[PDB]
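In: Kindly generate the corresponding structure for this input.
(chains A and B, ligands or ions: 8)
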Number of protein chains: 2
Amino acid sequence: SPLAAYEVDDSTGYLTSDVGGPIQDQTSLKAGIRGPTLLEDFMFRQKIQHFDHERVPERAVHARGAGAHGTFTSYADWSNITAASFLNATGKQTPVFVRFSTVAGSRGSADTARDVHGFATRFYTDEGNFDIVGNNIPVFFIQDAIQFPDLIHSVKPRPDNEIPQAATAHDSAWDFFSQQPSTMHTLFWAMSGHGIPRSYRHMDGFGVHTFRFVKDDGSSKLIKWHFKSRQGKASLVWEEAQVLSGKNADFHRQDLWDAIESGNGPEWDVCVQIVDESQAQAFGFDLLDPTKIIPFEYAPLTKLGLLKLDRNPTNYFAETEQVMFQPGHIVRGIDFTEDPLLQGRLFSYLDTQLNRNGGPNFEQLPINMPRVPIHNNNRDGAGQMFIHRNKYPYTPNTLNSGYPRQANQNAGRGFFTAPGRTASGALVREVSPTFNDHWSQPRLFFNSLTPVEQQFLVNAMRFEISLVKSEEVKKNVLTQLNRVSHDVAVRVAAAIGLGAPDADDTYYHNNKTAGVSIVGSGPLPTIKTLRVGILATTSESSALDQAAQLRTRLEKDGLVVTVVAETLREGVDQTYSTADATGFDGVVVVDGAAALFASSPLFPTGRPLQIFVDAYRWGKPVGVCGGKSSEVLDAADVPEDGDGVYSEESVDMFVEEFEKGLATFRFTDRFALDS
Amino acid sequence: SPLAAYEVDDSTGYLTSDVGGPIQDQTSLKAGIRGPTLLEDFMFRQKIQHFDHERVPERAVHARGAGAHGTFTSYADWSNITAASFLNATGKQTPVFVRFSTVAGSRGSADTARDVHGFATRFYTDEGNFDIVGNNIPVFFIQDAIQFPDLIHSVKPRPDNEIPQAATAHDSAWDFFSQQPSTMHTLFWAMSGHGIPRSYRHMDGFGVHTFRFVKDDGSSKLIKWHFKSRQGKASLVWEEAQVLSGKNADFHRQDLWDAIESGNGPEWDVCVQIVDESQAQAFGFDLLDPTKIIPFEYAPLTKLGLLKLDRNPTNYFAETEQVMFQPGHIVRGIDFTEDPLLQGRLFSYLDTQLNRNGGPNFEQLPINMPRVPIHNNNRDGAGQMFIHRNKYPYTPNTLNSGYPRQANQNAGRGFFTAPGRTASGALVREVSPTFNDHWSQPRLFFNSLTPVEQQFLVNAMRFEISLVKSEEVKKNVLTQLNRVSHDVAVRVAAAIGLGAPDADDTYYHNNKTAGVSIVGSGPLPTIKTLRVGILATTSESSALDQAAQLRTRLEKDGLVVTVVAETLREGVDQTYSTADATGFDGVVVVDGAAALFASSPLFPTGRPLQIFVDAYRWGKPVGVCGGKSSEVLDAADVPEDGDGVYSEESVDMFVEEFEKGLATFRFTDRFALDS
Ligand code: HDD
Ligand code: HDD
Ligand SMILES: [Ca+2]
Ligand SMILES: [Ca+2]
Ligand SMILES: [Ca+2]
Ligand SMILES: [Ca+2]
Ligand SMILES: [Ca+2]
Ligand SMILES: [Ca+2]
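Out: Numbers count the residues shown, from 1 in each chain, chains lettered A, B, ... in the order given. Ligands and ions are numbered 1, 2, ... in the order given. What follows is the structure:
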């Protein structure tokens, strides 16, 4: 609605200045034809001044990201647990905007870096804008907001040379992790496949903190936000992620964009765990501690409604870059908790938009505006876009009849702090002892992964820690890893040539929890949008017929099909020169193209075979369609009897097998395990 | 050392606020131990406010870059051609700071994107700061500064989705190139190896524009700046660059940093072509036209002095990010020309620092300060650091005795405009007809590359244009390419499924010029700093002994040696898990490791062999040392008799052959050519 009035159409008409004067903008005004440019050329200067000033500071964290518009729909009337208006009726729709992100990388860094990921949702409710500023991992590195600059300095590039971009694989980061043991839980998550998701659509969103749901009668409950993907959970493998960072730094934002443009807008079930106030310390840890989850088995999920993203921005800068989220954007029916991480966040997000926007009127940016009337006595500031009629903007007043009126629990649907909340004791800068177990939950997480998944995590740690130059930091890292799992410490130690310390079993246990494994979460529930590369050739006209037949059968099922050949022509989407295994979720070679899989000026040596080999090694469904073709499989050293390897002459039988493979998504039997 | 007055040491002492009050910063102040955070916690708020506000806008162009300090030394007394003080004596030293960059990518994008590259040099002279803001390519896309936002909007990401990062491989860019034919010359350069340099040290720098040298007696000459690399010219191949974008986005800045830290600081001969004013239109084009070079044969290079970079920054942000170059930073003895591109730049660089710095006192930033006194009547502004004693800052004054004094041609060593310069004619927004030949010099450039080099350029074009979705744009691209070379248009057309238009020979010629070929610029003159990966194993104690012996022999000659094996231990630098062929200029397998070249939980399947195969296909010197070669060479499909393939038992004989290979740098026989 506020976005509508600000849309600007330039599909017709003559070029104007910003003040509506028709102009030209292609040649400077000069003193003679070979002469110097004139100062009086206002056309030149308004244009270049605009350009010179296009850039704004990137966000201090979550700089790299992308967004889309959509809709949230409540499944019910939730007034029995919260007064929140956007949740007060079956079927009620509220517009949203969501921005997904990495954390550590700058603008222009690669989508498929290993990192924590942001998932930020604005609900433009009929009682004000409500932001849930979440991550794809349910726990956070630190226990007090005052530590955030310490964390972020450590994981961002070394400040002498600004190396390395968008990576925790350097001394400073592991120095911090090894010296601040709270970090263990999030570190384990980030080193799992949760650090390299297949897409923004294939990860979940978490509020992380415990919040409160507050009823109109003042009573409250403690809650965790969970956004559960309806597309299923899925990851890249690390080697794939690295190549993909170079071949397509825009992989995640292109995936999101394309899914929306094809009518496959991603969906999430917006859910909570709800527990009584008396359960703050019932589960063997403290619900004020943002390094802990409530295990699935302790508190079930309640589905509140549906989040769907279904429209892409018109202007990335105006909408995506300028959207300014705040946990301070709260509505009646929600309240904060005394989580020391959350508490400090409230300050940060209000302050940081002054940096980004360069002035205090950032909530007037159309993407930031609400969809209800604004009544308040805030005035002036740079970039003030309103013209206020109330000339007595103070309370209390008689000269504007006491308007605007105070809103509170009993008037005007005012926000109110949960009336049960209290404080007692000295004013201290001390950590609660209830926050001290940094290791049990990391172990819970690790115990809940499948064997190959645990191997992947060990291999990510081996990769990163092997890049750490300081022997002391490496020792220190092993000391912390050892407190979570001796086994992990032994396995990682083996790769970096140190001895693991002796087992210290204080926090060791064998318990598991459901819902945190990617590998173990079963087949994807939909294969729409998944990418199938078909490797073909122009040399055999039968190869293009085989590709065409495959295309029709696969596209029928909503898969995105790329036929590859030496050169472009009708039916061919990409050349071998531009193609890569990171571009596909499954790879099919047509029989007719067998000759390519053994030199050409049109593509680098061995490219067709390399795509097939890479896809196989990265765990993808691969196959040959045509029938007499032990060839290609032989050339690739891919076993015909392999899980997730397909050979059929029949196109229909091939597609039916292959689609089951796409759902399985990764064939993990192809990865070696430690003894 | 050069900015030593501004350094802050934190290697001792207790934590303070910014106003020197000792504090803590690890725990928020709270109302009880499980209580909410207090607004009175000033420790929290000053720390988080600083953090929230760390970021500044990235540069509008050349956002991604890196810098170092050094020294310029004049070879002579140049007062006979220029009054410039920093050039007025044999042996005179001036400190410098240089920043290299890409153009289009945002600040965390990959060093090894295909792009134009910046080379910006500040001389902190004894008569003021003098900046030469150059590129690694001697010509620019456009002929008028007013077009710059058109060019940069077209090559930067599409503004609806902000895709794709750091790449010209999309519709908008080729739409612009095909509709603005001036772009052809720079386009050809960027599609050559000049678009993917091996390092900042292995490229040249160019002022691009014609400037003037002005003597103390008012006479002037026209000049082009050339910075000639003393390390030699060298390129990546495109497939290599793509992988390297993912494996090491920091490749160029790490290369520069390491070379400096190892005592191998890169050097350039700072040179000019000098011609009389009467030659402005003598060479068949206009010296005011920044799309044209002066061919080497038409005007020789004069070496003015030596630029050496030999000290790395202390703080990246404070020095590299905050350095604010301007072509407006000129000194007595230099002057501008009526180049409409240059002319507009002068406005832009003064204005844009207001965006970056947020305030007008950006020249007071330590990196921007001069090394001589400032006397002027500029006052106040946000961030004013000076405390001025002159309380009569106006001219003319008697109350400060007429100080500061006016400086000009005849007093105070004032800058002065070259007195011979004039203007004549109407005030016009028209393009000089002398600028109209957009195609002859692109053809000159292309004619001057070796056959494999021409193929590479064709292959870059094939790659990019094949990614363009609009058939109309592709047709339009072929129309412009055809005006440069029919052959080029035919070869590119073959990859994208279209017929090239009929030959239009208006601008076709067979002239060549020296010095623009990378392939043809002979062997590198030094191999110091080049990277040699030695692939070994921990399974065989003889393989590590072979590696150690190779290390000693190679390090003796200044090469950077990486021994790779399954795991880290004494003498092993990297694991196979972290190694890649993009990490090395040459790859050596020790024959004790032959068993690895045919699965492990410690690295991805086939990684050892993949490193060798990739290095070979990317044209690098590769070899097996020990005398048993055939097993490794067979598995890799590398011929023993191949150019740049080495097999010797003798360590000394192996190294002697291999080092000649490193100098050759690339073995171009391994790349297929079009019929
Ligand atoms: C004390 C500071 C601080 C602390 C403890 C955190 N953050 Fe934060 N976060 C910021 C300070 C901040 C910030 C500096 O205020 C940012 C950058 C730009 C912005 O709007 O706020 C930000 C951005 C930011 C974004 C990007 C929103 C967007 O797309 O624009 C997400 C998703 C999060 N954060 C999520 C979290 C989560 C889940 C945290 C812990 C549970 C968290 N942050 C702790
Ligand atoms: C009309 C605008 C315009 C035009 C025609 C040009 N530039 Fe520019 N250039 C800028 C506007 C600009 C700028 C927007 O004002 C920048 C951005 C950041 C800065 O400090 O200046 C810039 C940055 C910039 C940098 C980065 C300096 C650094 O590392 O900080 C280099 C090396 C160049 N340019 C080089 C060139 C060359 C060789 C050009 C043509 C021959 C050129 N620019 C034309
Ligand atoms: Ca570090
Ligand atoms: Ca995984
Ligand atoms: Ca400002
Ligand atoms: Ca209240
Ligand atoms: Ca485009
Ligand atoms: Ca080249």
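
In: what does the stretch 401-550 of chain A have sitting close to ligand 4?
Out: residue A:518 (C-beta under 5 Å from the ion). In this view, the C-beta of every residue, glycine as well, is placed from N, C-alpha and C.

In: Got the phi and psi for residue A:339?
Out: phi -70, psi 110 (degrees, to the nearest 10).

In: could you list every residue that touches it?
Out: Contact analysis of residue A:339 by C-beta atoms under 8 Å, 6 or more residues apart in numbering or on different chains lists A:209-210, A:288-290.

In: ok, now residue A:366?
Out: Neighbours of residue A:366 in contact, by C-beta under 8 Å, 6+ apart: A:2-3, A:5-6, A:318.

In: cool, and residue A:276?
Out: A:221-222.

In: Next: residue A:223.
Out: With C-beta under 8 Å, 6+ apart, residue A:223 has these contacts: A:210-213, A:272-275.

In: try 6 Å
Out: Going by C-beta atoms under 6 Å, 6 or more residues apart in numbering or on different chains, residue A:223 touches A:211, A:213, A:272, A:274.

In: which residue sits closest to it, ignoring its sequence neighbours?
Out: residue A:272 (4.4 Å; C-beta to C-beta, 6 or more residues apart in numbering or on different chains).

In: per the record, what domains does chain A have?
Out: A:1-427, A:428-526, A:527-675 (curated CATH domains).

In: how near is residue A:435 to residue B:27?
Out: Shown here: residue A:435 relative to residue B:27, a distance of 11 Å by C-beta to C-beta, to the nearest Å.

In: closest to ligand 8 out of the domains of chain A?
Out: Of all these, it is domain A:527-675 that lies closest to ligand 8, at 14.0 Å by C-beta to the ion.

In: quick revisit: and the two most separated of the contacts of residue A:339?
Out: Farthest apart among those by C-beta to C-beta are A:209 and A:289. That separation is 9.7 Å.

In: for the stretch 251-400 of chain A, what spans make up the helices?
Out: In the stretch 251-400 of chain A, helices defined by DSSP state H, counting those that start in this stretch lie at A:251-261, A:316, A:340-357, listed in chain order.

In: Output the ones you listed in TSV, with mean neighbour count and distance to residue A:36 appended to each entry.
Out: Converted to TSV, the helices of the stretch 251-400 of chain A look like this (neighbours: other C-beta atoms under 10 Å in any protein chain shown; distance: least, C-beta to C-beta, whole Å):
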stretch	mean neighbour count	distance to residue A:36
helix A:251-261	21	44
helix A:316	20	37
helix A:340-357	20	38
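
In: distance of residue A:617 from residue B:660?
Out: 35 Å.

In: got it, and residue A:316?
Out: Per C-beta to C-beta, residue A:316 is found 51 Å from residue B:660.

In: Excluding chain neighbours, what is closest to residue A:420?
Out: residue A:220 (5.8 Å).

In: all strands for the stretch 401-550 of chain A, in order.
Out: A:427-428, A:531-535 (DSSP state E, counting those that start in this stretch).

In: near ligand 2, which residues of chain A?
Out: A:48, A:52 (C-beta under 6 Å from any ligand atom).

In: ok and the residue in chain A nearest ligand 1?
Out: residue A:118 (2.8 Å; C-beta to the nearest ligand atom).

In: for residue A:135, which residues make a bridge with it?
Out: Beta bridges link residue A:135 to residue A:118, residue A:206, judged by DSSP bridges.

In: ok now do residue A:55, which residues does it touch?
Out: Taking C-beta under 6 Å, 6+ apart, we find residue A:55 in contact with B:57-58, B:60.

In: How about it: what's its closest non-neighbour residue?
Out: residue B:57 (3.9 Å).

In: Give the burial count for the one you found, as a bare number.
Out: Per other C-beta atoms under 10 Å in any protein chain shown, the neighbour tally for residue B:57 reads 20.

In: show me what contacts it?
Out: By C-beta under 6 Å, 6+ apart, the residues touching residue B:57 are A:55-57, B:355-356.

In: From residue A:358, how far out is it?
Out: For residue B:57, the distance to residue A:358 - C-beta to C-beta - is 9 Å.

In: try residue A:118
Out: Residue A:118 is 23 Å from residue A:358, by C-beta to C-beta.

In: who's more crowded, these two?
Out: Taking other C-beta under 10 Å, residue A:118 and residue A:358 do not tie; residue A:118 has more neighbours (23 against 16).

In: show me what contacts the residue of chain A at minimum distance from ligand 4?
Out: Taking C-beta to the ion, ligand 4 has its nearest neighbour within chain A at residue A:193, 2.6 Å off. Neighbouring residues of residue A:193 by C-beta under 6 Å, 6+ apart: A:235, A:518.

In: And residue A:140, by the same measure?
Out: So residue A:140 contacts A:186, A:208, A:290 (C-beta under 6 Å, 6+ apart).

In: ok, the second one - contacts?
Out: It stands for residue A:208. A:140, A:290.

In: how deep is the residue of the stretch 201-350 of chain A found nearest ligand 2 tucked in, by neighbour count?
Out: Relative to ligand 2, the nearest point of the stretch 201-350 of chain A is residue A:317 (16.5 Å; C-beta to the nearest ligand atom). As a burial measure, residue A:317 scores 13 neighbours (other C-beta under 10 Å).

In: Distance-wise, check the nearest residue to it once chain neighbours are set aside relative to ligand 3.
Out: Nearest residue to residue A:317, sequence neighbours excluded (C-beta to C-beta, 6+ apart): residue B:159, at 6.5 Å. According to C-beta to the ion, to the nearest Å, residue B:159 and ligand 3 sit 35 Å apart.
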